Amino acid sequence: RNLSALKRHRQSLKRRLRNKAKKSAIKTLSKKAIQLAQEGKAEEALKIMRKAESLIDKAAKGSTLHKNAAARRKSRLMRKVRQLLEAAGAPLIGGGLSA
Amino acid sequence: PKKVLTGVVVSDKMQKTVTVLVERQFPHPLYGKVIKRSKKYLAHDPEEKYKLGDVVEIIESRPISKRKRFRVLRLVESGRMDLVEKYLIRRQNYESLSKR
Amino acid sequence: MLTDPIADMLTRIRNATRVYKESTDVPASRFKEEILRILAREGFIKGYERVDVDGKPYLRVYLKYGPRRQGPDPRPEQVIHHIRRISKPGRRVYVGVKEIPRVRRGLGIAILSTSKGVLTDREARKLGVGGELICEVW
Amino acid sequence: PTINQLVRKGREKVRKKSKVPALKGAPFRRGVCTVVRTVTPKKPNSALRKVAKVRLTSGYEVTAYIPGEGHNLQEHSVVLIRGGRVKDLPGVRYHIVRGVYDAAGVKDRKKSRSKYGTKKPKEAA
Amino acid sequence: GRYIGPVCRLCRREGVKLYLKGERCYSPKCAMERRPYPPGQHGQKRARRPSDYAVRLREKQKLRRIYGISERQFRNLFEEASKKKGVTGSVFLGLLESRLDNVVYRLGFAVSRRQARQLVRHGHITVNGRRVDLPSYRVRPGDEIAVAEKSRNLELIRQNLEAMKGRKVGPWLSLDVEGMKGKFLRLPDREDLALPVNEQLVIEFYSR
Amino acid sequence: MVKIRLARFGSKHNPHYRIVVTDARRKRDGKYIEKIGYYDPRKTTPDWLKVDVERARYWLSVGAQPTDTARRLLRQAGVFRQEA
RNA sequence: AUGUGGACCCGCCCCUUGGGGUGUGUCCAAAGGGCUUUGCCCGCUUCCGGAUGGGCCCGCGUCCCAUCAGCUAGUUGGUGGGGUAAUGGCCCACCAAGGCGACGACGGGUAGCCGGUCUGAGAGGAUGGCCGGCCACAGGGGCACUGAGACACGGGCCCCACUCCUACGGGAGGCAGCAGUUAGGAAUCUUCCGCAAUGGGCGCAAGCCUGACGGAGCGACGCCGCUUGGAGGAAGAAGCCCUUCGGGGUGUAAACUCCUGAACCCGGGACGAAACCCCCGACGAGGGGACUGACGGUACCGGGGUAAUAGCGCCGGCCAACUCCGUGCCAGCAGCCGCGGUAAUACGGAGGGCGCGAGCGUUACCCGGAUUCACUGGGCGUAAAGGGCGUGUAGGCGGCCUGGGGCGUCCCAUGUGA
Ligand SMILES: [Mg+2]
Ligand SMILES: [Mg+2]
Ligand SMILES: [Mg+2]
Ligand SMILES: [Mg+2]
Ligand SMILES: [Mg+2]
Ligand SMILES: [Mg+2]
Ligand SMILES: [Mg+2]
Ligand SMILES: [Mg+2]
Ligand SMILES: [Mg+2]
Ligand SMILES: [Mg+2]
Ligand SMILES: [Mg+2]
Ligand SMILES: [Mg+2]
Ligand SMILES: [Mg+2]
Ligand SMILES: [Mg+2]
Ligand SMILES: [Mg+2]
Ligand SMILES: [Mg+2]
Ligand SMILES: [Mg+2]
Ligand SMILES: [Mg+2]
Ligand SMILES: [Mg+2]
Ligand SMILES: [Mg+2]
Ligand SMILES: [Mg+2]
Ligand SMILES: [Mg+2]
Ligand SMILES: [Mg+2]
Ligand SMILES: [Mg+2]
Ligand SMILES: [Mg+2]
Ligand SMILES: [Mg+2]
Ligand SMILES: [Mg+2]
Ligand SMILES: [Mg+2]
Ligand SMILES: [Mg+2]
Ligand SMILES: [Mg+2]
Ligand SMILES: [Mg+2]
Ligand SMILES: [Mg+2]
Ligand SMILES: [Mg+2]
Ligand SMILES: [Mg+2]
Ligand SMILES: [Mg+2]
Ligand SMILES: [Mg+2]
Ligand SMILES: [Mg+2]
Ligand SMILES: [Mg+2]
Ligand SMILES: [Mg+2]
Ligand SMILES: [Mg+2]
Ligand SMILES: [Mg+2]
Ligand SMILES: [Mg+2]
Ligand SMILES: [Mg+2]
Ligand SMILES: [Mg+2]
Ligand SMILES: [Mg+2]
Ligand SMILES: [Mg+2]
Ligand SMILES: [Mg+2]
Ligand SMILES: [Mg+2]
Ligand SMILES: [Mg+2]
Ligand SMILES: [Mg+2]
Ligand SMILES: [Mg+2]
Ligand SMILES: [Mg+2]
Ligand SMILES: [Mg+2]
Ligand SMILES: [Mg+2]
Ligand SMILES: [Mg+2]
Ligand SMILES: [Mg+2]
Ligand SMILES: [Mg+2]
Ligand SMILES: [Mg+2]
Ligand SMILES: [Mg+2]
Ligand SMILES: [Mg+2]
Ligand SMILES: [Mg+2]
Ligand SMILES: [Mg+2]
Ligand SMILES: [Mg+2]
Ligand SMILES: [Mg+2]
Ligand SMILES: [Mg+2]
Ligand SMILES: [Mg+2]
Ligand SMILES: [Mg+2]
Ligand SMILES: [Mg+2]
Ligand SMILES: [Mg+2]
Ligand SMILES: [Mg+2]
Ligand SMILES: [Mg+2]
Ligand SMILES: [Mg+2]
Ligand SMILES: [Mg+2]
Ligand SMILES: [Mg+2]
Ligand SMILES: [Mg+2]
Ligand SMILES: [Mg+2]
Ligand SMILES: [Mg+2]
Ligand SMILES: [Mg+2]
Ligand SMILES: [Mg+2]
Ligand SMILES: [Mg+2]
Ligand SMILES: [Mg+2]
Ligand SMILES: [Zn+2]
């Protein structure tokens, strides 16, 4: 009785979860780095931000996040984590930052 | 080109923001008499220098805020509380139009 | 007080003419002047003379007319059949060089203030200007 | 006035009141006859003009004139309203079209049959 | 379609012979000769002074009744004329005269414009070699109107074509009588025919 | 992609295209960016084809894409004949 | 994993509102399928351009009622955040108390806006229907997903209203797509043909889909073109009208005589179609070669060939067209002025006449005439119109001379004005 390209929606369902799943990981990881960069642990912090950075762009290639959004994320991120580690912290690694 | 306008400040009472009063002269579409008008603008003063009377210029800019899309250009003729008074009495007289 | 002096001039004349007099005195200006002038240059008037009256300057304007007609009312034709202010303080009249009068089919003459001064319809067209139409005369 | 005033108010734009409001920008409007009777016109003359009171679509009930000589309209008779007063009879502002719905044309009328809803008669045989 | 029926009532009514029949409207008796008074019961009665409107009216109809066309087709030409250059009025006659069926009357292929039309309509007439059956054709300079082949003969043409030997056809006209063909040469100035009409009034009329 | 194609004009049974540039998702009589000549597919006139052949290649340069029945009327205008 | 190259933080560099350049650190790429296969082709991934299509913002313009005169809590600004392709009070905190309005806010009524369109001498006035550009909606609402792109007519979830199916065991639908039905209404069509052409989607391409479109169908709804004939034909029959009974009219009208010949019958028969593809050349440039027409056996061409529908309005004045009869303020007409009371050119019929003609009238509405909202282009002693009289706020207007500025105004050039 109808168009069988309703798949186009059923297709969306996968693309929905798939790109949704990655997207939760992005933030829950992004979570970590922030808390850590606030408690001096600039070591384990920039291990995550380095992981954060990769998590984003890796989805950016695909159809999830795109454009200046990764940039907008990553910016305000290392625009912040570093601006936390100013609380002594000591740049345990430039392993994220062109310090 | 970005619009260029010239007017008087009537409000400094916003933080780092001001209100510029712009006039324009032109003839009436049907009756040709040359007439004036006014529009207020909310001008950006990110270093609250400009103040009451500052006959100044402003320029169309990216949306600083709602209602607020003009940055100040430059002072032209500071101290003009005489023009300001016109805006003031006019708004004052409004009270004596209160439908009572 | 006089809201409009230029009108007052024209009107002073128009009043004077309708009783057929020699002269017509009127308060002085450098802008009333180069407005008259044409009226002599186009020979609507004899002409004038800057004079003073009671210590105060005026412009005795000398009136032309025509032939002592005959029949009842021998009063001659006027030179100035008609004259009226156009642009006024109540409503200023400006025109591009295109939008410009054909007063009484060439027989009449407009008078206008322009970027070169007190031209006429004919002149302002040829200089290519137009401006504040003062008045029309015939 | 003066020119200043003209900016302050302008000139007012007259407007135009209809004289056939029962129709609503319609050429016509179908209705149903309530009363069918005769009335006396303005002193000017005198007679017994046939008018119907018509309840139409829009709940409206207006007096409509019945023209020509005789008709076929009792009470409950579907009708069609035209537009155009009578002048003699005050209050009436509408005519009835003939030969449409329950109102029929004028019998044995030979001239202005365009009105009077009268079909063309046979002349030869 | 066109007017059909009583014609001679119209050489009259208008009160002026307008040669609308074949030879009759040219023979001693053109609906006017015998009875040069308006048609109907009220014929031999003294006219009352016309209205200015009435005067203008009669003048228009006359002209139209001469060329014999619908009021439809007629007025288009007036407005067309009314729109054009300079005189934007008197030119009118030029547009009327460019009508195929009109020309054919002048070219003496027929005698009544009514007869002319039935030819064009039956397509016994050709233009520049083209079977043209449309009495409204605005012909122009140098266009050529000739009898087609299936009809070069025909009793009705020959005598109608023959009797033309006598008169100087219009300045704007030309005719190979033997060759059965003519040329629209030019636009007939107002001069080129003093019609019994005062076209000034037709203008005056149509600006109601 | 942007395109070059046949935009119908004229009348019923009296075709009279207008050769033109627009978006492939515009209407076939919709708004265009630039007209480049006409085409009566009924050869009812000498001037029954015309191109501004410079512009034609210009849009073709930047990335226009004519139709399987628009190139034919541009191939027939030496747009492709590319010298030696 | 590779990194041309790109992104992010800090630096200086230039430039300048997050533009460009670079330094270091750290993150990012993937794809194969088909062969005239060993070479090419269709695809893949990063970056910069181009072009096209947009998003957001700004100035000016855009209806009626002041018998709506005061409005405002995300209200206004700030700071910092959240969010987006990105600005922003867009959302969220916190801080400040601002923001708007007689130049008409707020409220109410109506409306999709424009190119255009109608009228008008113009200035205007009126209007937005087909066509084109943009906005908005897809039963009423809300929401997000996928995606370059939507919050999506013929995709999805939820609520409501409504209708339908069912062994009732429960589920289903969204014509404002094309036709078509119903209801409402004074009123608006075929449940047609074809992708032949144009355009669009997919594919290397054949080819496929296309109620876009190209045609056909219905409706005098409009514009246009054409027919119901032409020449002849009487001092001018009959019938019908008047009649001062002498006559006049219809009327060259008919008849009648010649001529042509709409229709219809026969034959022929399109344009609209040239490319995609195919050959050689490298499938490119090139010549060249080939298939396909829904409309349709249609228009048009030839021959044959028949005198073949006319109606509607008006005929007191304005306003063109007049006489008998009937009627007797009755029956009736009417756009206004008004006609009918036993002699009606005004009713009704008739003869005749005027006016258009497959049309003629009517009603409704817009503009004109109306210079009767008057800018162009009007008035206020008695015709409608001077505030009962002051003082005065905003506002409008402003004398004589010389400078600077050149806002208005004026000129030129240029872009734009689809
Ligand atoms: Mg997305
Ligand atoms: Mg009476
Ligand atoms: Mg009486
Ligand atoms: Mg009548
Ligand atoms: Mg002219
Ligand atoms: Mg588009
Ligand atoms: Mg080709
Ligand atoms: Mg990798
Ligand atoms: Mg940079
Ligand atoms: Mg991939
Ligand atoms: Mg395989
Ligand atoms: Mg887009
Ligand atoms: Mg808050
Ligand atoms: Mg903030
Ligand atoms: Mg922000
Ligand atoms: Mg988006
Ligand atoms: Mg304002
Ligand atoms: Mg108001
Ligand atoms: Mg509302
Ligand atoms: Mg609406
Ligand atoms: Mg408009
Ligand atoms: Mg016009
Ligand atoms: Mg016009
Ligand atoms: Mg206008
Ligand atoms: Mg409008
Ligand atoms: Mg409408
Ligand atoms: Mg529509
Ligand atoms: Mg549209
Ligand atoms: Mg519905
Ligand atoms: Mg959809
Ligand atoms: Mg939806
Ligand atoms: Mg939408
Ligand atoms: Mg649907
Ligand atoms: Mg439908
Ligand atoms: Mg119904
Ligand atoms: Mg329907
Ligand atoms: Mg249709
Ligand atoms: Mg197709
Ligand atoms: Mg195609
Ligand atoms: Mg393809
Ligand atoms: Mg295949
Ligand atoms: Mg299908
Ligand atoms: Mg189909
Ligand atoms: Mg169609
Ligand atoms: Mg038809
Ligand atoms: Mg009808
Ligand atoms: Mg007789
Ligand atoms: Mg007789
Ligand atoms: Mg005859
Ligand atoms: Mg024969
Ligand atoms: Mg054949
Ligand atoms: Mg094909
Ligand atoms: Mg080729
Ligand atoms: Mg070939
Ligand atoms: Mg056949
Ligand atoms: Mg034949
Ligand atoms: Mg017959
Ligand atoms: Mg006959
Ligand atoms: Mg009439
Ligand atoms: Mg009339
Ligand atoms: Mg009369
Ligand atoms: Mg008698
Ligand atoms: Mg009697
Ligand atoms: Mg009588
Ligand atoms: Mg009497
Ligand atoms: Mg009458
Ligand atoms: Mg009568
Ligand atoms: Mg009769
Ligand atoms: Mg009659
Ligand atoms: Mg005035
Ligand atoms: Mg008056
Ligand atoms: Mg006064
Ligand atoms: Mg009185
Ligand atoms: Mg009075
Ligand atoms: Mg007084
Ligand atoms: Mg007072
Ligand atoms: Mg009082
Ligand atoms: Mg004052
Ligand atoms: Mg002043
Ligand atoms: Mg001054
Ligand atoms: Mg320009
Ligand atoms: Zn005759």
# chains A, B, ... in the order shown; residues from 1 in each chain; ligands from 1
>>> residues_near_ligand(ligand="ligand 29", cutoff="8 Å", atoms="only C-alpha atoms (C1' of nucleotides) and all ligand atoms", output="count of residues only")
4
>>> residues_near_ligand(ligand="ligand 8", cutoff="10 Å", atoms="only C-alpha atoms (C1' of nucleotides) and all ligand atoms", output="JSON, numbers by chain")
{"A": [54, 58], "G": [1, 2, 27, 28, 29]}
>>> residues_near_ligand(ligand="ligand 66", cutoff="12 Å", atoms="only C-alpha atoms (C1' of nucleotides) and all ligand atoms", output="VMD selection string")
(chain D and resid 112) or (chain G and resid 314 to 319 321 333 to 335 338 to 339 345 to 347)
>>> residues_around(residues="residue 70 of chain A", least_positions_apart="4", cutoff="12 Å", atoms="only C-alpha atoms (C1' of nucleotides)", output="PyMOL selection string")
(chain A and resi 23+26+52-61+64-66+74-77) or (chain G and resi 7-8+27-28+85)
>>> write_last_selection(atoms="C-alpha atoms (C1' of nucleotides)", output="PDB file, in the first residue's frame")
ATOM      1  CA  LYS A  23      28.442  10.963  21.024  1.00  0.00           C
ATOM      2  CA  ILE A  26      32.681  11.894  23.648  1.00  0.00           C
ATOM      3  CA  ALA A  52      39.093  13.374  23.784  1.00  0.00           C
ATOM      4  CA  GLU A  53      40.685  15.115  20.799  1.00  0.00           C
ATOM      5  CA  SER A  54      40.839  11.830  18.850  1.00  0.00           C
ATOM      6  CA  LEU A  55      37.312  10.745  19.805  1.00  0.00           C
ATOM      7  CA  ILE A  56      35.805  13.861  18.240  1.00  0.00           C
ATOM      8  CA  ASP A  57      37.623  14.081  14.878  1.00  0.00           C
ATOM      9  CA  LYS A  58      37.214  10.315  14.419  1.00  0.00           C
ATOM     10  CA  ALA A  59      33.438  10.838  14.295  1.00  0.00           C
ATOM     11  CA  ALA A  60      33.812  14.128  12.391  1.00  0.00           C
ATOM     12  CA  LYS A  61      35.049  12.214   9.314  1.00  0.00           C
ATOM     13  CA  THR A  64      27.753  12.714  13.068  1.00  0.00           C
ATOM     14  CA  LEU A  65      29.495  15.873  14.175  1.00  0.00           C
ATOM     15  CA  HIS A  66      30.994  18.017  11.422  1.00  0.00           C
ATOM     16  CA  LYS A  74      38.190  21.111  21.164  1.00  0.00           C
ATOM     17  CA  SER A  75      38.751  24.878  21.448  1.00  0.00           C
ATOM     18  CA  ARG A  76      36.656  25.585  24.527  1.00  0.00           C
ATOM     19  CA  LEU A  77      38.004  22.285  25.906  1.00  0.00           C
TER      20      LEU A  77
ATOM     21  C1'   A G   7      41.591  21.235  12.879  1.00  0.00           C
ATOM     22  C1'   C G   8      42.733  23.071  18.633  1.00  0.00           C
ATOM     23  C1'   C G  27      44.130  14.752  16.722  1.00  0.00           C
ATOM     24  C1'   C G  28      42.408  13.231  11.692  1.00  0.00           C
ATOM     25  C1'   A G  85      27.331  25.843   9.950  1.00  0.00           C
TER      26        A G  85
END
>>> residues_near_ligand(ligand="ligand 63", cutoff="10 Å", atoms="only C-alpha atoms (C1' of nucleotides) and all ligand atoms", output="JSON, numbers by chain")
{"G": [325, 326, 327, 328, 342, 343]}
>>> residues_near_ligand(ligand="ligand 1", cutoff="12 Å", atoms="only C-alpha atoms (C1' of nucleotides) and all ligand atoms", output="count of residues only")
25
>>> closest_residue(among="D:10, D:25, D:1, D:59", to="chain B", atoms="only C-alpha atoms")
D:10
>>> closest_atom_pairs(of="chain E", to="ligand 60", cutoff="12 Å", atoms="only C-alpha atoms and all ligand atoms", output="Markdown table")
| residue | atom | partner | partner_atom_place_in_ligand_line | distance |
| --- | --- | --- | --- | --- |
| E:53 | CA | ligand 60 | 1 (Mg) | 9.9 |
| E:54 | CA | ligand 60 | 1 (Mg) | 10.8 |
| E:57 | CA | ligand 60 | 1 (Mg) | 10.7 |
| E:205 | CA | ligand 60 | 1 (Mg) | 11.9 |
| E:208 | CA | ligand 60 | 1 (Mg) | 10.0 |
>>> write_last_selection(atoms="N, CA, C and O atoms", output="PDB file, in the first residue's frame")
ATOM      1  N   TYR E  53     -24.724  64.220 -30.350  1.00  0.00           N
ATOM      2  CA  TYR E  53     -24.504  62.779 -30.271  1.00  0.00           C
ATOM      3  C   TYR E  53     -25.055  62.095 -31.523  1.00  0.00           C
ATOM      4  O   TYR E  53     -24.337  61.365 -32.211  1.00  0.00           O
ATOM      5  N   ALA E  54     -26.326  62.355 -31.814  1.00  0.00           N
ATOM      6  CA  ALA E  54     -27.011  61.771 -32.966  1.00  0.00           C
ATOM      7  C   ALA E  54     -26.239  61.998 -34.264  1.00  0.00           C
ATOM      8  O   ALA E  54     -26.117  61.087 -35.096  1.00  0.00           O
ATOM      9  N   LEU E  57     -23.139  59.925 -34.181  1.00  0.00           N
ATOM     10  CA  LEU E  57     -23.553  58.537 -34.307  1.00  0.00           C
ATOM     11  C   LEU E  57     -23.690  58.178 -35.789  1.00  0.00           C
ATOM     12  O   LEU E  57     -22.941  57.332 -36.309  1.00  0.00           O
ATOM     13  N   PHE E 205     -16.926  61.014 -31.516  1.00  0.00           N
ATOM     14  CA  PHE E 205     -17.902  60.055 -31.010  1.00  0.00           C
ATOM     15  C   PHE E 205     -17.247  59.069 -30.055  1.00  0.00           C
ATOM     16  O   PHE E 205     -17.579  59.035 -28.875  1.00  0.00           O
ATOM     17  N   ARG E 208     -16.205  58.973 -25.942  1.00  0.00           N
ATOM     18  CA  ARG E 208     -17.524  59.179 -25.327  1.00  0.00           C
ATOM     19  C   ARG E 208     -17.544  60.153 -24.137  1.00  0.00           C
ATOM     20  O   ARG E 208     -18.345  61.098 -24.136  1.00  0.00           O
TER      21      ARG E 208
END
>>> select_by_dssp(residues="segment 4-72 of chain F", states="helix (DSSP H, G or I)", output="PDB file with N, CA and C atoms, in the first residue's frame")
ATOM      1  N   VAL F  53      28.558  32.118 -27.529  1.00  0.00           N
ATOM      2  CA  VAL F  53      29.473  30.964 -27.407  1.00  0.00           C
ATOM      3  C   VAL F  53      30.621  31.130 -26.387  1.00  0.00           C
ATOM      4  N   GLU F  54      31.005  32.375 -26.108  1.00  0.00           N
ATOM      5  CA  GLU F  54      31.980  32.660 -25.059  1.00  0.00           C
ATOM      6  C   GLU F  54      31.478  32.232 -23.681  1.00  0.00           C
ATOM      7  N   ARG F  55      30.355  32.827 -23.276  1.00  0.00           N
ATOM      8  CA  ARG F  55      29.710  32.552 -21.993  1.00  0.00           C
ATOM      9  C   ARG F  55      29.402  31.067 -21.839  1.00  0.00           C
ATOM     10  N   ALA F  56      28.932  30.453 -22.924  1.00  0.00           N
ATOM     11  CA  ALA F  56      28.609  29.026 -22.963  1.00  0.00           C
ATOM     12  C   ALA F  56      29.737  28.140 -22.421  1.00  0.00           C
ATOM     13  N   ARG F  57      30.964  28.414 -22.867  1.00  0.00           N
ATOM     14  CA  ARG F  57      32.153  27.703 -22.393  1.00  0.00           C
ATOM     15  C   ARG F  57      32.555  28.182 -21.002  1.00  0.00           C
ATOM     16  N   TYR F  58      32.354  29.474 -20.735  1.00  0.00           N
ATOM     17  CA  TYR F  58      32.635  30.025 -19.411  1.00  0.00           C
ATOM     18  C   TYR F  58      31.918  29.246 -18.313  1.00  0.00           C
ATOM     19  N   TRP F  59      30.601  29.114 -18.438  1.00  0.00           N
ATOM     20  CA  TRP F  59      29.833  28.326 -17.479  1.00  0.00           C
ATOM     21  C   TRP F  59      30.265  26.865 -17.538  1.00  0.00           C
ATOM     22  N   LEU F  60      30.544  26.387 -18.748  1.00  0.00           N
ATOM     23  CA  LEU F  60      31.090  25.049 -18.943  1.00  0.00           C
ATOM     24  C   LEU F  60      32.462  24.908 -18.259  1.00  0.00           C
ATOM     25  N   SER F  61      33.245  25.987 -18.251  1.00  0.00           N
ATOM     26  CA  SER F  61      34.509  25.981 -17.510  1.00  0.00           C
ATOM     27  C   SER F  61      34.224  25.703 -16.036  1.00  0.00           C
ATOM     28  N   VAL F  62      33.595  26.673 -15.367  1.00  0.00           N
ATOM     29  CA  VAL F  62      33.331  26.618 -13.922  1.00  0.00           C
ATOM     30  C   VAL F  62      32.605  25.354 -13.451  1.00  0.00           C
ATOM     31  N   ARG F  72      24.078  18.706 -28.273  1.00  0.00           N
ATOM     32  CA  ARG F  72      23.766  18.560 -29.693  1.00  0.00           C
ATOM     33  C   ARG F  72      23.586  19.921 -30.397  1.00  0.00           C
TER      34      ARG F  72
END
>>> residues_around(residues="residue 73 of chain B", least_positions_apart="2", cutoff="8 Å", atoms="only C-alpha atoms (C1' of nucleotides)", output="list in words")
residues 56, 57, 58, 59, 71 and 75 of chain B
>>> interface_residues(of="chain B", to="chain G", cutoff="9 Å", atoms="only C-alpha atoms (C1' of nucleotides)", output="count of residues only")
36
>>> residues_near_ligand(ligand="ligand 19", cutoff="12 Å", atoms="only C-alpha atoms (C1' of nucleotides) and all ligand atoms", output="NGL selection string")
:G and (107-111)
>>> residues_near_ligand(ligand="ligand 72", cutoff="12 Å", atoms="only C-alpha atoms (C1' of nucleotides) and all ligand atoms", output="ChimeraX atom specification")
/D:1-2 /G:379-381,385-386
>>> write_last_selection(atoms="C-alpha atoms (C1' of nucleotides)", output="PDB file, in the first residue's frame")
ATOM      1  CA  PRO D   1      -5.941  73.478   5.345  1.00  0.00           C
ATOM      2  CA  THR D   2      -2.153  73.841   5.505  1.00  0.00           C
TER       3      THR D   2
ATOM      4  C1'   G G 379     -13.481  75.333   1.005  1.00  0.00           C
ATOM      5  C1'   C G 380     -15.043  77.699   6.534  1.00  0.00           C
ATOM      6  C1'   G G 381     -19.479  86.256   7.255  1.00  0.00           C
ATOM      7  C1'   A G 385     -17.374  74.352   8.439  1.00  0.00           C
ATOM      8  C1'   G G 386     -13.137  79.650  13.184  1.00  0.00           C
TER       9        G G 386
END
>>> residues_near_ligand(ligand="ligand 6", cutoff="9 Å", atoms="only C-alpha atoms (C1' of nucleotides) and all ligand atoms", output="PyMOL selection string")
(chain F and resi 23+25-27) or (chain G and resi 53)
>>> interface_residues(of="chain D", to="chain B", cutoff="12 Å", atoms="only C-alpha atoms", output="list in words")
residues 2, 3, 4, 5, 6, 7, 8, 9, 10 and 11 of chain D
>>> atom_distance(atom1="atom CA of residue 18 of chain E", atom2="atom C1' of residue 230 of chain G")
18.2 Å
>>> residues_near_ligand(ligand="ligand 54", cutoff="12 Å", atoms="only C-alpha atoms (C1' of nucleotides) and all ligand atoms", output="PyMOL selection string")
(chain F and resi 72+75-76) or (chain G and resi 274-275+277-279+286-290)
>>> residues_near_ligand(ligand="ligand 55", cutoff="10 Å", atoms="only C-alpha atoms (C1' of nucleotides) and all ligand atoms", output="ChimeraX atom specification")
/G:265-269,297-298
>>> write_last_selection(atoms="N, CA, C and O atoms (P, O5', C5', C4', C3', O3' and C1' of nucleotides)", output="PDB file, in the first residue's frame")
ATOM      1  P     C G 265     -17.826  12.644 -43.626  1.00  0.00           P
ATOM      2  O5'   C G 265     -17.615  12.144 -45.129  1.00  0.00           O
ATOM      3  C5'   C G 265     -18.535  11.248 -45.745  1.00  0.00           C
ATOM      4  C4'   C G 265     -18.187  11.003 -47.195  1.00  0.00           C
ATOM      5  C3'   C G 265     -16.744  10.618 -47.480  1.00  0.00           C
ATOM      6  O3'   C G 265     -16.474   9.250 -47.238  1.00  0.00           O
ATOM      7  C1'   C G 265     -17.399  12.315 -48.978  1.00  0.00           C
ATOM      8  P     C G 266     -15.002   8.784 -46.778  1.00  0.00           P
ATOM      9  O5'   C G 266     -14.123   9.003 -48.099  1.00  0.00           O
ATOM     10  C5'   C G 266     -14.362   8.240 -49.280  1.00  0.00           C
ATOM     11  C4'   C G 266     -13.362   8.557 -50.374  1.00  0.00           C
ATOM     12  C3'   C G 266     -11.894   8.591 -49.963  1.00  0.00           C
ATOM     13  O3'   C G 266     -11.311   7.300 -49.867  1.00  0.00           O
ATOM     14  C1'   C G 266     -12.386  10.472 -51.324  1.00  0.00           C
ATOM     15  P     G G 267     -10.071   7.039 -48.871  1.00  0.00           P
ATOM     16  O5'   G G 267      -8.846   7.719 -49.632  1.00  0.00           O
ATOM     17  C5'   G G 267      -8.434   7.268 -50.911  1.00  0.00           C
ATOM     18  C4'   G G 267      -7.511   8.260 -51.571  1.00  0.00           C
ATOM     19  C3'   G G 267      -6.251   8.610 -50.801  1.00  0.00           C
ATOM     20  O3'   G G 267      -5.236   7.631 -50.905  1.00  0.00           O
ATOM     21  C1'   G G 267      -7.252  10.592 -51.558  1.00  0.00           C
ATOM     22  P     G G 268      -4.407   7.203 -49.601  1.00  0.00           P
ATOM     23  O5'   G G 268      -3.311   8.359 -49.474  1.00  0.00           O
ATOM     24  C5'   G G 268      -2.397   8.627 -50.530  1.00  0.00           C
ATOM     25  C4'   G G 268      -1.833  10.023 -50.427  1.00  0.00           C
ATOM     26  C3'   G G 268      -1.063  10.338 -49.149  1.00  0.00           C
ATOM     27  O3'   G G 268       0.292   9.926 -49.196  1.00  0.00           O
ATOM     28  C1'   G G 268      -2.667  12.015 -49.508  1.00  0.00           C
ATOM     29  P     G G 269       0.967   9.235 -47.910  1.00  0.00           P
ATOM     30  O5'   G G 269       1.091  10.450 -46.878  1.00  0.00           O
ATOM     31  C5'   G G 269       1.814  11.634 -47.208  1.00  0.00           C
ATOM     32  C4'   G G 269       1.538  12.752 -46.221  1.00  0.00           C
ATOM     33  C3'   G G 269       1.668  12.392 -44.749  1.00  0.00           C
ATOM     34  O3'   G G 269       3.001  12.379 -44.282  1.00  0.00           O
ATOM     35  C1'   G G 269      -0.375  13.487 -45.059  1.00  0.00           C
ATOM     36  P     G G 297      -5.121   8.316 -34.754  1.00  0.00           P
ATOM     37  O5'   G G 297      -5.990   9.112 -35.826  1.00  0.00           O
ATOM     38  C5'   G G 297      -5.897   8.796 -37.211  1.00  0.00           C
ATOM     39  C4'   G G 297      -5.521  10.002 -38.036  1.00  0.00           C
ATOM     40  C3'   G G 297      -6.576  10.441 -39.045  1.00  0.00           C
ATOM     41  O3'   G G 297      -6.506  11.856 -39.219  1.00  0.00           O
ATOM     42  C1'   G G 297      -4.596   9.878 -40.189  1.00  0.00           C
ATOM     43  P     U G 298      -7.741  12.650 -39.871  1.00  0.00           P
ATOM     44  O5'   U G 298      -7.798  13.990 -39.010  1.00  0.00           O
ATOM     45  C5'   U G 298      -7.980  13.954 -37.603  1.00  0.00           C
ATOM     46  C4'   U G 298      -7.142  15.003 -36.913  1.00  0.00           C
ATOM     47  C3'   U G 298      -6.775  16.231 -37.740  1.00  0.00           C
ATOM     48  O3'   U G 298      -7.827  17.188 -37.819  1.00  0.00           O
ATOM     49  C1'   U G 298      -4.866  15.446 -36.577  1.00  0.00           C
TER      50        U G 298
END
>>> residues_near_ligand(ligand="ligand 58", cutoff="10 Å", atoms="only C-alpha atoms (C1' of nucleotides) and all ligand atoms", output="ChimeraX atom specification")
/G:229-231,256-259,307
